[PDB]
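From first to last, the protein sequence lines stand for chains A, B and C.
For the first sequence, our numbering begins at 59 and goes up steadily by one.
For the second sequence, our numbering begins at 1038 and goes up steadily by one.
For the third sequence, our numbering begins at 912 and goes up steadily by one.
Just so you know, even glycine gets a beta-carbon here, dropped at the ideal spot from N, CA and C.
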Amino acid sequence: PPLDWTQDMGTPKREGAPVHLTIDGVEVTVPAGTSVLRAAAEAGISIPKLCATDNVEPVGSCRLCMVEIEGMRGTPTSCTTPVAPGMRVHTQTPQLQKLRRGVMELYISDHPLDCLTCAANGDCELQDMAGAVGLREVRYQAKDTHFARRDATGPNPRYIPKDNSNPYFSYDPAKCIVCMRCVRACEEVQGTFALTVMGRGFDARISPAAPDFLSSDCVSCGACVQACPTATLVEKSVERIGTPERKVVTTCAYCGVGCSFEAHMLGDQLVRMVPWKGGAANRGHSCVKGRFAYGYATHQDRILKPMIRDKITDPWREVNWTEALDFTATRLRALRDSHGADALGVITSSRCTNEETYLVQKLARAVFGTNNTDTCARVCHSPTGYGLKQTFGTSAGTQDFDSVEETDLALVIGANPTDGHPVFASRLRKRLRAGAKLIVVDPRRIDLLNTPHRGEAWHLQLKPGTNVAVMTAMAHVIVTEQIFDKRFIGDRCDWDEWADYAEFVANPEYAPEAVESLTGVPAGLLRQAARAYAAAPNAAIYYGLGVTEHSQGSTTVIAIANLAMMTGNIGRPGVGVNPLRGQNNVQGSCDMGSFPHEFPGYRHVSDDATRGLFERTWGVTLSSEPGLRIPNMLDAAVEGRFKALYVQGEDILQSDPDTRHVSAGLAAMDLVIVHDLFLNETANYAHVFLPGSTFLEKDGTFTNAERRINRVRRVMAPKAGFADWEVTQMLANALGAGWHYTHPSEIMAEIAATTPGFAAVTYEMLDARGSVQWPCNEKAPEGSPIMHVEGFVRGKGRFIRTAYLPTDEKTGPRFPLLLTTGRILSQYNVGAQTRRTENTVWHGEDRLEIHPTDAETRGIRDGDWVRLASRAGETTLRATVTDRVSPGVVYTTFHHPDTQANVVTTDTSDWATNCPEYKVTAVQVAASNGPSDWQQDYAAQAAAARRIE
Amino acid sequence: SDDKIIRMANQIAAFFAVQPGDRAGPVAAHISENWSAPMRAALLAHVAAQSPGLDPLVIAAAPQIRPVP
Amino acid sequence: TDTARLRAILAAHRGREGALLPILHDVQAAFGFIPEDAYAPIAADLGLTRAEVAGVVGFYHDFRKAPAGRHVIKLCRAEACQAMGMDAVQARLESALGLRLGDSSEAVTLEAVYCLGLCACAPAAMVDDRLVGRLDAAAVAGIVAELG
Ligand SMILES: Nc1nc2c(c(=O)[nH]1)N[C@H]1C(S)=C(S)[C@@H](COP(=O)(O)OP(=O)(O)OC[C@H]3O[C@@H](n4cnc5c(=O)[nH]c(N)nc54)[C@H](O)[C@@H]3O)O[C@H]1N2
Ligand SMILES: Nc1nc2c(c(=O)[nH]1)N[C@H]1C(S)=C(S)[C@@H](COP(=O)(O)OP(=O)(O)OC[C@H]3O[C@@H](n4cnc5c(=O)[nH]c(N)nc54)[C@H](O)[C@@H]3O)O[C@H]1N2
Ligand code: SF4
Ligand code: SF4
Ligand code: SF4
Ligand code: SF4
Ligand code: FES
Ligand code: FES
Ligand SMILES: [Mo+6]
Ligand SMILES: [S]
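Written out as structure tokens, the structure reads:
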């Protein structure tokens, strides 16, 4: 496999013509711009380096990578010296030895000898380059130092005390060499210039412009840490616990980017998690959540033994597996005989692997005898899988994340990648700072707009709901003018439909000059943006929940694909229509069924040819009718004819709308099993409980947004004794199915056998190749990094006439304001995993981003308590005045349960997939003191229900 | 006091109305590919009972819906 | 009122290429130093980060981090001025004011500049924007006389 993975080369990889040279008498062939250091690395001949890292561009600060080159004068650096043909370089002479020793002498003259009781012992790039070069003596009787607390005549002014304000890493500048990798990383890699170099010379100290890191613009992500060689910036878990020995590759249980990590391990104790320099998803970068937040797996509040109640009012009872499963299966069979098999159901968890997903949908189809399964994707990116299906042929992405590197423009509708998908936003900013352009269509100023060194930017700050009107107007502009690509239309799409679409869109009613009234966006700006999008060579669209979660989501997605096909930004690296999937293995989940209308492979359920295959493979009779969806489940159970539910890894209460309704529907249910780690809000209405396992204890795969199948490994051991697939088969066999699995490799084999695309998938492949894109059959064996590269899947694109339907959640006197729900970087959706960490620092309370002018007349001030008097409920929350949002718009966050936010949220949903209207809700923000009438009862219930016996 | 089912039907109709060509076939196809047995039955009962607050397109599309066992 | 001045300054340097240095110059000329209260808006206007600004401010010497006395006295310590007896001058002056090199006050502020172009008129100084040369141990009396 590549060397980039295991070895830290010096400089980044360059593209160009081959170039031959002789490093220390060894022939090497490498691209042109490639340095001497990287080449020498590729050739095995190692050169002493401290300030050079691949993540970033090289800088001649250490001066320790000096080499003698024929045809040059002196001892130039390899970090900065690009190769040239016929170049002959010498790496180790007496001269160079002397100089390097001298340089290290100078370094160490200002370094403490706290090795042997420093955190980074065994992992300091200074120590090992001080032993390499051959340092044996320091001759400078130093007086001016940075580490010495006590100088002569008194305290050292140069001494800067430690800074442990951050709960995850610490800054001890006493040990700082000024290589500046920290800076270079926060500025090149991440893209938030939080670090600088205060001073000129010896007085130069790294610093964030603030008393402490926390107060700064530094969020986290330990890039600064991953790059610091000298324990100045160090993880605390390495201070407390020792320095690790082994490494194990896994993936993050978040964000759907698939940021691959390598967990460093000292025995069985997890010391830290550090990115791998693998995965096209993350090239050695991360966020705070993945890098640091893995402490939920060791929280006291985690549950390790099954529990049964037999009545929700009654307390729990810690119980073993057998009798629990017995009780479970008994009640299940009872209900199955009484109300029918359609009176059951499951709820898969994206957070889980695809293997467990497959098992669960089997359990729901093969065993229970129904099609009533579902997952989190009904509410995140279902409309997507309808629109892109009606247009292209796939309910999935179009490109990788490496494509953005090649784009020349980014159009972002309904997304906040800095909080949602950080590692993607980094790569986006890398391109923005390199000239590319940006259009943003949110009503809420996102931090992607205020990125540093940004190029050009347009911002369409519209009114939420009006997202299709804007697209239609864009298309109207493009068609009124003549900017679109005709070749593309004639070739890859149809013409009969293009004519109709053009004649539809060309209407002056869908023009920017009219929509400006209802939309709120200006006209000229829109025209400009459209021209800019249509003009660019390679443009790319990245959309999220601003389009989907609405009364017109499928419609919008369709409109978007229409634009993308019209302009010609499809079937090429640098362009596409990329939806930003959220949870891990949402894609995997949807691919492995987890929908009540399909089988694994997005194959409908009414297809006899497929039902036959599966009846044969599972040896059971299946149903041809499609099952219920979550809202349907709840309405049913309220009405009856639904009595059972097996909730895997999901919080249907806090993470679903019309909380009152869902609660009332969850209560009227003779049995609702739970299969989470902790005692969630869902378990307040439960009868049963089964522990699950974390991604650290599991083994399997995760299918991310770019269709990549990352592999998940086992580092710890299941505290509850059994992972989730184990539990699933336990339950199924206990019911009477009779499966026998000993390793999920067998399951992946089953899948490869049943569904197409995964036919070539094998764990060994994932281990060797590193990762795979799931369309991997005998055709496209390596994988399919880009979809629709040669003609569309259905064969021909399809143009569809979209129109703007006025939403039913319009505003009035008593509900004048609007509402929006969204996200934060530190905390995940409900924070069951995250509130149980030290990330309650950046965000420990949910807050309401209200506008000032919309607050003055109300009497709001920052830090005041307010109430959201909506139609579907009422809630109390702390306020925050900000010009981020537009007037007549409000923004909330649902990460905390102490605040009940989805109770405000209304039942209104998409037309196709019934994804709810989260991003729109008519509310009334007013001032108040008494918290609420609902929150009180909720807490009462939760307290009277989370008690054990 | 609108039925969620009627609401969803009218939504689907509102969409497929602007489409070109067969505007009912697709409606029926969607409702047959996506909805379940009891729901379809309820809908058909509504259309047969001629309940108000319902689009004529759905009335036209109902007979074409996948039948219920 | 400071915000207004700062905004004015920023407006005056709008659209320029690499306008951080001029803007800072002007901000300093206005107040007398770069207050940390004015690291942010600059960044906001220029699309930078507070950090970059503070780093720039920290690197260069001519940007005051704290204000000076009513008067200021820069005194070359370079080669040439050293040759023609700068040490003695320095001594006399710092005895007069009682303020050593680099040590400031509310009254005055003695500091070094490391050249002024007065390399022939070796002993040179800048007192309150007025250049002086041929500073023998007598002219220092006149230097201090106009300067309490
Ligand atoms: N740290 C962290 N990472 C996460 C998550 C998290 O909670 N925390 N969530 C995970 C998951 S499950 C999710 S869904 C993904 C994706 O999550 P995202 O796709 O990032 O969705 P949001 O951040 O809620 O909001 C998207 C933007 O669109 C705006 N918007 C609101 N109404 C409209 C409208 O009518 N039109 C338009 N054009 N825009 C509108 C919203 O206000 C917001 O600015 O991220 C995943 N990653
Ligand atoms: N107001 C509002 N509401 C929303 C949204 C919004 O933006 N605004 N977003 C919607 C969308 S984007 C989505 S994705 C949903 C997501 O919302 P949720 O469905 O709440 O997903 P998570 O927060 O991951 O938590 C699900 C549960 O599974 C548990 N779990 C984690 N890992 C494992 C594992 O390995 N095995 C097992 N057995 N269990 C595990 C977690 O501990 C947690 O309790 O929220 C939706 N609701
Ligand atoms: S940072 Fe490295 S060289 Fe310095 S004391 Fe720690 S282990 Fe030793
Ligand atoms: S942790 Fe990340 S954001 Fe914070 S200073 Fe380091 S590189 Fe910058
Ligand atoms: S903090 Fe670490 S990475 Fe940054 S300059 Fe100091 S030693 Fe180098
Ligand atoms: S960016 Fe997303 S996938 Fe990567 S570490 Fe952060 S949460 Fe995990
Ligand atoms: S070694 Fe190349 S400059 Fe630091
Ligand atoms: S050396 Fe002081 S004047 Fe130039
Ligand atoms: Mo989601
Ligand atoms: S999602």
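Could you check whether the Cβ of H954 of chain A sits closer than 8 Å to any Cβ belonging to chain B?
no
From A:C310, A:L793, A:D186 and A:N642, pick the residue whose C-alpha is nearest to that of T433 of chain A; which is it?
A:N642
At 3 residues or longer, and completely inside the segment 592-619 of chain A: list those beta strand (DSSP E) runs for me, N to C.
Counting only runs of 3+ residues, the beta strand (DSSP E) found wholly inside the segment 592-619 of chain A occupies 597-601, in chain order.
Check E1022 of chain C in the structure and name its three-state DSSP category.
The answer is strand: DSSP assigns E1022 of chain C an E or B state.
Listed in chain order, which residues of the segment 1091-1104 of chain B have Cβ atoms closer than 7 Å to some Cβ of chain A?
none
Tell me the start and end of each unbroken beta strand (DSSP E) in the segment 531-602 of chain A that is at least 3 residues and wholly inside, in chain order.
597-601
At the level of alpha carbons, what is the spacing between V633 of chain A and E195 of chain A?
When rounded, the distance between both Cα atoms is 58 Å.
So the candidates are A:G723, A:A622, A:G604 and A:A667; which of them puts its Cα closest to the Cα of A592 of chain A?
A:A622
State the DSSP-derived secondary structure class of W1072 of chain B, mapped to helix, strand or coil.
coil
Cβ-heavy atom distance between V277 of chain A and ligand 4 below 7 Å?
yes
Listed in chain order, which residues of the segment 490-518 of chain A have Cβ atoms closer than 9 Å to some Cβ of chain C?
Going along the segment 490-518 of chain A in chain order, one finds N508, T509, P510, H511 and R512 with a Cβ nearer than 9 Å to chain C.
Is the shortest distance between the beta-carbon of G926 of chain C and the beta-carbons of chain A less than 8 Å?
no
Would the C-beta of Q706 of chain A count as close to ligand 9, meaning under 7 Å from any of its heavy atoms?
no
Keeping to the same chain, check which residues put their C-beta closer than 7 Å to that of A1048 of chain C; ignore five residues upstream and five downstream.
Residues of the same chain with a CB within less than 7 Å of the CB of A1048 of chain C, apart from the 5 flanking positions on each side, are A999, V1000 and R1003 in chain order.
How many Å lie between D693 of chain A and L328 of chain A at the Cα?
44 Å
Going by Cα to Cα distance, which pick from A:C313, A:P140, A:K868 and A:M187 is closest to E163 of chain A?
A:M187
May I have the straight-line CA-CA distance separating residue 29 of chain A from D202 of chain A, to the nearest angstrom?
Nothing in the structure corresponds to residue 29 of chain A, since chain A is present only between 59 and 1007.
Between the alpha carbons of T752 of chain A and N835 of chain A, how many angstroms are there, rounded?
31 Å
Taking 6 Å as the limit, name every residue whose beta carbon sits nearer than that to some heavy atom of ligand 9, in sequence order.
Here the list is A:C438, A:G640 and A:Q641.
Can the beta-carbon of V404 of chain A be found less than 8 Å from the beta-carbon of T431 of chain A?
yes
Only counting the same chain, and skipping five residues up and downstream in sequence, which positions put a Cβ closer than 6 Å to that of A927 of chain A?
Around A927 of chain A: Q982.
Which residue from C:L957, C:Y971, C:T1020 and C:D956 puts its Cα closest to that of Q939 of chain C?
C:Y971
Please state whether DSSP places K521 of chain A in a helix, a strand or coil.
In this structure, DSSP gives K521 of chain A a state outside helix and strand, which the three-state scheme calls coil.
Got a sec? Which residues, its chain only, sit under 8 Å from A1023 of chain C by beta carbon, not counting five neighbours each side?
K985, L986, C987, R988, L1012 and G1013
Interface residues of chain B around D558 of chain A at Cβ under 9 Å?
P1057
Just tell me which of A:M727, A:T951 and A:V770 has its CA closest to the CA of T761 of chain A.
With distances taken between Cα atoms, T761 of chain A lies closest to A:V770.
Would you call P215 of chain A buried or exposed, if buried means 16 or more other Cβ atoms sit within 10 Å of its Cβ?
exposed
List the residues of chain A whose Cβ lies closer than 9 Å to the Cβ of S1088 of chain B, in chain order.
Going along chain A, no residue has its Cβ under 9 Å from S1088 of chain B, so there is no contact; the nearest lies around 17 Å.
Between which two residues does the beta strand (DSSP E) harbouring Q327 of chain A extend?
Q327 to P333
Does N742 of chain A come within less than 8 Å of chain B when only Cβ atoms are used?
So, not an interface residue.
Where the beta carbon is closer than 5 Å to any heavy atom of ligand 6, which residues qualify, in chain order?
A:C310, A:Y312, A:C313, A:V315, A:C317, A:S344, A:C345, A:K347, A:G348, A:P480 and A:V481
Quick check on the burial criterion: 16 or more other C-beta atoms within 10 angstroms. Buried or exposed for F260 of chain A?
exposed
For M130 of chain A, is the classification buried or exposed, using 16 other Cβ atoms within 10 angstroms of its Cβ as the cut-off for buried?
Exposed is the call here.
Run the proximity test for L506 of chain A: is its beta-carbon closer than 7 Å to any non-hydrogen atom belonging to ligand 1?
Outside the cutoff, so no.
Below 9 Å on C-beta distance, what does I1049 of chain B contact in chain A?
Going along chain A in sequence order, the residues near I1049 of chain B (Cβ under 9 Å) are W969 and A970.
Using the beta-carbon of each residue, which ones in chain C are nearer than 7 Å to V255 of chain A?
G966
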